[PDB]
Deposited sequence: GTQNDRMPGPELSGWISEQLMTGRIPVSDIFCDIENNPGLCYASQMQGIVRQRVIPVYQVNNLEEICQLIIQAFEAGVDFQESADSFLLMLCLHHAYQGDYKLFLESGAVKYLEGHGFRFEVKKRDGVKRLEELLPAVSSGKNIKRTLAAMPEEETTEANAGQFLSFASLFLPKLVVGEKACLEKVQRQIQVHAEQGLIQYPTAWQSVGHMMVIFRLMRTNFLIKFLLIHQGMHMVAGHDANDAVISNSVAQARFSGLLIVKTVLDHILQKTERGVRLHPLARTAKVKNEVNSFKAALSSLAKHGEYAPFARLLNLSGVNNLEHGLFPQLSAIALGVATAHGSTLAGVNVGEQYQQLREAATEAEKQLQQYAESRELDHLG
């Protein structure tokens, strides 16, 4: 019987159960701008992102201001002390507090270099939503972000109606347009920090009746093991459950597969070092996540599909070739003799 629940593969992946139990630097300075008109500045930030302004570098700073207004209510000392910053500080990030008074344009916050940013902001016209709504809407992208653009936006269109037919939150219809969704997709795809700050919040937040934080909570929970689902269902099928406990499938213990099983455990160990941040590894592009692709292990994919075929169930995203088809046929028969 295979580990169809998914508990063991989750515990192994997170790092709660060791890999050996079954199988046997430079910092980046980010400016934290201190202002009085935090609500006003954040409105000028949202408008710029709506317009499609690519701040590139200064993207982290202006996004960090939106998170301060909503999640930290304008408290700099509480933000610099929070667990989110504590993790970032030990993972190649440094937060420098810079005081700024009398700021009326985003050009006053921009660092000296990036000539197109001040030009695009100058051409912007002078004429609806809050910082929190922006953050919660961007969190709706996380579920299917790594999948593809069409798959991501479709999931975004579907979720919006779910949140509206339950009265949790209603977003401006100017956001529901293809163009603005694509602008936010491109931002979420390239900007690491926004993904992590939404993820850290979804992971560590006892919400609550705040509509935006509840949307972040659900979206972060939906994004768990995103882009690692195929390899998680494969690991679930290559795990044999006996009367004593859980053990590796006999077909993986053979001399022919031995080299691949060694590569798999080396990639599973790298993933498990991330602790609680392991389900979001592909989403966050963490160290050694690319070595954990389902395609890189076609012998383990053959044993996984074989065991599944015996039970009548299929594996979505698993395409076993002719070369490994022999191993698929042997795995089906071994599971049939129960």
{"query": "Deposited sequence positions missing from the model - stretches, numbered from 1, in order", "finding": "1 to 8, 33 to 49, 139 to 140, 155 to 157, 369 to 381"}
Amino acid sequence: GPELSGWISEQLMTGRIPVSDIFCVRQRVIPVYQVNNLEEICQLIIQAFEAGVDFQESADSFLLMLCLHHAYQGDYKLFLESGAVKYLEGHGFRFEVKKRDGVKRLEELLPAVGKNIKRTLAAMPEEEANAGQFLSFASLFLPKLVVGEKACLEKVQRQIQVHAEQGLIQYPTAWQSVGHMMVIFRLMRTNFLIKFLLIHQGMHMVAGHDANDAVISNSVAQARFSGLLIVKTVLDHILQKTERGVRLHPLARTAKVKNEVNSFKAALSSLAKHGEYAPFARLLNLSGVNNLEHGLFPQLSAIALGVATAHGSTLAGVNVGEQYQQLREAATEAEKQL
From here on, numbers count along this sequence of modelled residues.
item	value
Mean C-alpha B-factor comparison - 117 to 125 and 193 to 201, higher one	117 to 125
Higher-B stretch (mean Cα B-factor, as the entry records it), 84 to 92 or 184 to 192	84 to 92
Selection from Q27, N291, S61, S270 [criterion: highest C-alpha temperature factor in the record]	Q27
Highest recorded Cα temperature factor - choice among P250, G179, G148, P172	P250
Chain thirds of CA B-factor: placement of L283	lowest
Chain thirds of CA B-factor: placement of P143	lowest
Chain third (lowest, middle, highest) by recorded CA B-factor, residue given as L300	middle
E154 - Cα temperature factor, lowest/middle/highest third of chain	lowest
Third of the chain, ranked by Cα B-factor, where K256 sits	highest
